[PDB]
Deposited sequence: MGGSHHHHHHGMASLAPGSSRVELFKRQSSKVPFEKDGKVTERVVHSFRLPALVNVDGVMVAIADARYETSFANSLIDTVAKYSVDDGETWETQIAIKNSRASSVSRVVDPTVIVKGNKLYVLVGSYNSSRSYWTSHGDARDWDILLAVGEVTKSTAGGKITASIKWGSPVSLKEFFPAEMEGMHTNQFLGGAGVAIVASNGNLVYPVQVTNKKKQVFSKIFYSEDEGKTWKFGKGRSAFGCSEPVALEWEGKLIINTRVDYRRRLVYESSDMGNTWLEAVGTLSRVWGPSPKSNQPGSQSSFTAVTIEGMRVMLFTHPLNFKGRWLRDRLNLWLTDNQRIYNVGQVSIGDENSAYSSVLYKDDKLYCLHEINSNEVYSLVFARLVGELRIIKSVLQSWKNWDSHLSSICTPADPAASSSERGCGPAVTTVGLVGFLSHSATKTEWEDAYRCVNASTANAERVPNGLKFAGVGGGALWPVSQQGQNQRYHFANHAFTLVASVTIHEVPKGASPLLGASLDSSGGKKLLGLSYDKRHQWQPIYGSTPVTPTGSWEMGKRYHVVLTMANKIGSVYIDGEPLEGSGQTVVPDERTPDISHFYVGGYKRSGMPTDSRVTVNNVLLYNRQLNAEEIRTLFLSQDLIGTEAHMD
């Protein structure tokens, strides 16, 4: 928890009681575990919805949906049962509540099971299953001098009549909400991302939405890949962004502009960025994923555990901030090495909160954290993004001012700031590591075997913010060569392996004063010419499996070659700059590199020309 932040145990395992109703009697009953947090704001009333697992944290056991609500931002709370299960057997349960706030209403979607002790995706059919929607109406009152609220929960209604028996290529089995908090779209539709099974026991995600305040429901025609569960969605620039759990794999993220009729993997931004464990080979998790406006900027907040422990332990709940370009790790929200899987982040009245799980020995509580320090960090980072974008956008570029320098898709920028071992991203998300470097205005001067800088791509590890580069990127830099090399030496490039020896796209320079652009593993043809001590502007672009190399705004002869040779998607290890930064590679690049920009798309000709013409205006030095 960041400085100034704090928490309390709000739903306290084996301690907190809830009003358990059975056969007309209500009794305050102790709950073993509380899971499945969903924290929302209903026009001033904070509401925390969760599972109340009465007897055990085992999934297939007696569970009702509990709600705690507060009109004083979490200082005090009232408790109720929002949805009771069928009471059919000792393991009857309403499960994985998924919440949408609209007006003064809470719409809560839960699966319902009567007697199965088996995990839901193992069921061969839906004999034990129903899908229920309950609506809580929140009413406020200023009775007695102080603010009060109450929530009246309606009886649950089954939505099973809206579930078709067939979908493309399949027979349906069951579905559940994706857990946590869903949305109202800008057109008013209630939108639940749902996880669905078929009769082959495959799981996949869909959009399940209502145009009439929840009276009827429809499925979008499209779907995610099989294997995608617990989807969580937000709306961004007219599209739904659907972020999915993939057990034992990297999280897939999709975009849909048509209420789920068509799904496109978000390969250029967020898909495959987040891994469920250090080696992305462990179970995944539910994630909070919301779009909020902080100091005038629309951004997304995302949480997921790092899960160093593995299996379902899911320690180290982390918070992430992104503007759909840059992806910043705000930090760890949970404390130390506690197990802390599911979470829900709420931004209300310019204050940030998180309701999340803590698990010791499979006994779960929900803690309620005030994210004071985290909001401070977020605001600072957003200020930096806004300030650098404004700086670049406002430069009067050379002819009357010509086209503005583009900041659309600008993800990272290495310029004047550097420490002894790192070249600092102006956007504060991903620094490059360095060796044998000396600080110069707006960049670094490198020399010697092992020299250079490494801007990690897959080397970022569990969370890969630059995964987009495997699909498209532009890498831009100003360079000056100080010594004619003995053979061919590297200057800039994207490497597929850790050494730099297997390149996707790169630029080297040689002893006959020629450039050596490298297109994948294609034979290298030297071309053009450069002069020692003269500064040049370099652009590397890749999109649609084609790589190009520009020197001083102009493509080298023969550029625009295929660099992705087959069906496999590249897995770039890193960008290398000014050398390989590998003592094991015997090359000695003696060069200065300044102002390295990374974009998540292939820049157009005008944008490249503008960067070339403005290369001496973009640096961070004076600031």
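According to the record, C-alpha coordinates are lacking for deposited residues 1-14, 414-422, 647-648.
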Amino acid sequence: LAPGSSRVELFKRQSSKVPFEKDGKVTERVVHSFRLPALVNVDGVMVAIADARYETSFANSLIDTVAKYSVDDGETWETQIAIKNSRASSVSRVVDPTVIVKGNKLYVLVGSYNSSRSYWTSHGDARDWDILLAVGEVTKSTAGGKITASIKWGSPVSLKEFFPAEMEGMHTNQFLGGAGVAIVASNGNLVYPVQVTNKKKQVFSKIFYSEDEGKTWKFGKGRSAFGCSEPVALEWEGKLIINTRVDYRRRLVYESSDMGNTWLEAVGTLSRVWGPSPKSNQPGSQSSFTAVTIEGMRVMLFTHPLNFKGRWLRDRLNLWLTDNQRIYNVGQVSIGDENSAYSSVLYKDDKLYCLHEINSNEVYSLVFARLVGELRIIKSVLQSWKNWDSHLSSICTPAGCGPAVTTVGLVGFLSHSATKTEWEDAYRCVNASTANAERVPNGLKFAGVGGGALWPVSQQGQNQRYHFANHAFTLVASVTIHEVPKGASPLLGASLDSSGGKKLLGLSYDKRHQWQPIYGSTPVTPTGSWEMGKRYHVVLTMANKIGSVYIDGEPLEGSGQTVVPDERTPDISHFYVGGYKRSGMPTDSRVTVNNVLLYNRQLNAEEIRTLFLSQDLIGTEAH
From here on, numbers count along this sequence of modelled residues.
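Just going by the entry, 47-55 versus 579-587 on mean CA temperature factor gives the higher value to 579-587.
Taking the PDB entry as given, 560-568 carries the higher mean Cα B factor of the two stretches 560-568 and 56-64. The residue among 399, 94, 539, 242 whose C-alpha carries the highest B-factor in the deposited model is 399. Residue set 71, 345, 327, 333: peak C-alpha B-factor at 71 (per PDB entry).
Sort the modelled residues of the chain by CA B factor and residue 29 lands in the highest third. For residue 11, the recorded CA B-factor ranks within the middle third of the chain. Only modelled residues enter the ranking. Sort the modelled residues of the chain by CA B factor and residue 275 lands in the lowest third. Compared with the other modelled residues of the chain, the Cα B-factor recorded for residue 392 ranks in the highest third. Per the PDB record, residue ranking by Cα B-factor puts residue 85 in the middle third of the chain.
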